[PDB]
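# Architecture and fold: a report
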Amino acid sequence: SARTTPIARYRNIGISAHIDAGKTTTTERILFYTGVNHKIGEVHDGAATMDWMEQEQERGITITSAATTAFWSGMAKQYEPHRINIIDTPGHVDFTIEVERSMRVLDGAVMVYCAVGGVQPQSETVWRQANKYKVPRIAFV
RNA sequence: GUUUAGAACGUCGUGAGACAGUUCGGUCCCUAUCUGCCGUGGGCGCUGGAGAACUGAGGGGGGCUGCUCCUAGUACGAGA
Ligand SMILES: Nc1nc2c(ncn2[C@@H]2O[C@H](COP(=O)(O)OP(=O)(O)OP(=O)(O)O)[C@@H](O)[C@H]2O)c(=O)[nH]1
Ligand SMILES: [Mg+2]
Ligand SMILES: [Mg+2]
Ligand SMILES: [Mg+2]
Ligand SMILES: [Mg+2]
Ligand SMILES: [Mg+2]
Ligand SMILES: [Mg+2]
């Protein structure tokens, strides 16, 4: 019953953005690259793993906050396998509670942004929710 | 179906009968002369006669559209 991964190698990251900014797409790609999934499933095809719930495969949105983990070592494997507990949160204003609950406990965040339209009405809302809890965040255009 | 002759009901009439009342049953002919049209030939013409290949003035035919997929979850839209 020893420590499998050192606690310094943990990353409690999570995704928050405006609707259709590409949160679920990034997580799907992560899982695939890290080896958790064996295929890439698109969200508008209903085949993304993070949108597990029906009315999420049908409508094409994310409603709940689903938490998974993965092991990433770097491109050229520059470090030991770090464990990332990535969390995909919905970007809609109808589910702001699903961001705040997930950003209560996240150690790090990353604010993904659409390149053609950068800062959208819900981009500012998840930014204020993140700085409420003083979360250190990155940005992925 | 309606629009003959048979019969019956309801109704009307003393009655024969009658009802845009309703019921059952009840003969639909024509070998195409002309025009028209569809085809298919004969004659003559086109200026010596003939065999072929053509040009195109003109005429006719034809012209319908669904559903998916890509563009693209792109434009628009806070979102949907
Ligand atoms: N051209 C292009 N389309 C992308 C890209 N990333 C995502 N999309 C499309 O945008 C939609 C994905 O947006 P999502 O990330 O699934 O929605 P979300 O950001 O996870 O957040 P919620 O809607 O609240 O659940 C799909 O149609 C994607 O194919 C990209 O990098 N380039
Ligand atoms: Mg858009
Ligand atoms: Mg959508
Ligand atoms: Mg999503
Ligand atoms: Mg005549
Ligand atoms: Mg013509
Ligand atoms: Mg599409």
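Look up: the structure comes first, before these words.
One structure accompanies this document, and this report is about it. (Residues numbered from 1 in each chain as written, not as in the entry; some residues may be left out. Chains lettered and ligands numbered in written order. Part of a larger assembly, values for the part shown. Heavy atoms only, no water. Residues with missing side-chain atoms left out of burial classes, pairs and counts.)

### Observations regarding the protein's contact with RNA strand B
Taken together, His 18, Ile 19, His 44, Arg 59, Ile 61, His 92 and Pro 121 make up the full set of residues adjacent to RNA strand B. When atoms of RNA strand B within 4 Å of the protein are split into backbone and base, the sugar-phosphate part holds 95%. In the environment of RNA strand B, a phosphate oxygen lies 3.0 Å from a nitrogen or oxygen atom belonging to the side chain of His 18. At 3.2 Å, a side-chain N or O of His 92 approaches a phosphate oxygen of RNA strand B. Of the residues assigned to the surface near RNA strand B, the class counts are three nonpolar, three polar and one charged. (Near = heavy atom within 4 Å. Polar contact = N/O pair within 3.5 Å; in protein donor to acceptor, adjacent residues only side chain to side chain. Nonpolar A, V, L, I, M, F, W, Y, C, P; charged D, E, K, R; others polar.)

### Here's the deal with the site of ligand 1
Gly 22, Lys 23, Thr 24, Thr 62 and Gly 91 are the nearest of the 14 residues found near ligand 1. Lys 23 is positioned with one of its backbone polar atoms (N or O) 2.6 Å from an oxygen atom of ligand 1. The fraction of the free accessible surface of ligand 1 (660 Å²) that becomes covered by protein chains is 64%. Its residues assigned to classes, the shell around ligand 1 comprises five nonpolar, seven polar and two charged. (Areas by Shrake-Rupley, 256 points an atom, 1.4 Å probe, with all protein chains shown as cover.)

### Thoughts on the pattern of salt bridges
As enumerated under the stated definition, the model contains one salt bridge in all. A salt bridge links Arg 29 to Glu 42, with the nearest nitrogen and oxygen atoms 3.0 Å apart. Of this pair, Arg 29 sits in helix α1 (residues 23-34) while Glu 42 is found in the loop between α1 and β3 (66-67), placing the two residues 13 residues apart along the sequence. (Salt bridge = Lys/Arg side-chain N within 4 Å of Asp/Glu carboxyl O. Helix = DSSP H or I, 4+ residues; strand = E, 2+ residues; numbered from the N terminus.)

### Digging into helix α3 (residues 121-132)
Spanning twelve residues, α3 covers 17 Å between terminal C-alpha atoms, matching the ideal 16 Å at 1.5 Å per step. Taken from the residues just after α3, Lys 134 is the one with a positive phi, measuring 60 degrees. (Expected span 1.5 Å × (residues − 1).)

### Things to note about the sheet that holds strand β4 (residues 70-72)
The sheet built from three strands is open, its strands ordered β1-β5-β4 with mixed pairing. In the strand order of this sheet, the two ends are held by β1 (10-11) and β4, each with one partner. Relative to strand β5 (residues 82-84), β1 runs parallel, the two being bridged by two bridges. Within β5, the position partnered with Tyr 10 by the bridge is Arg 83. (Pairing = 2+ DSSP bridges.)

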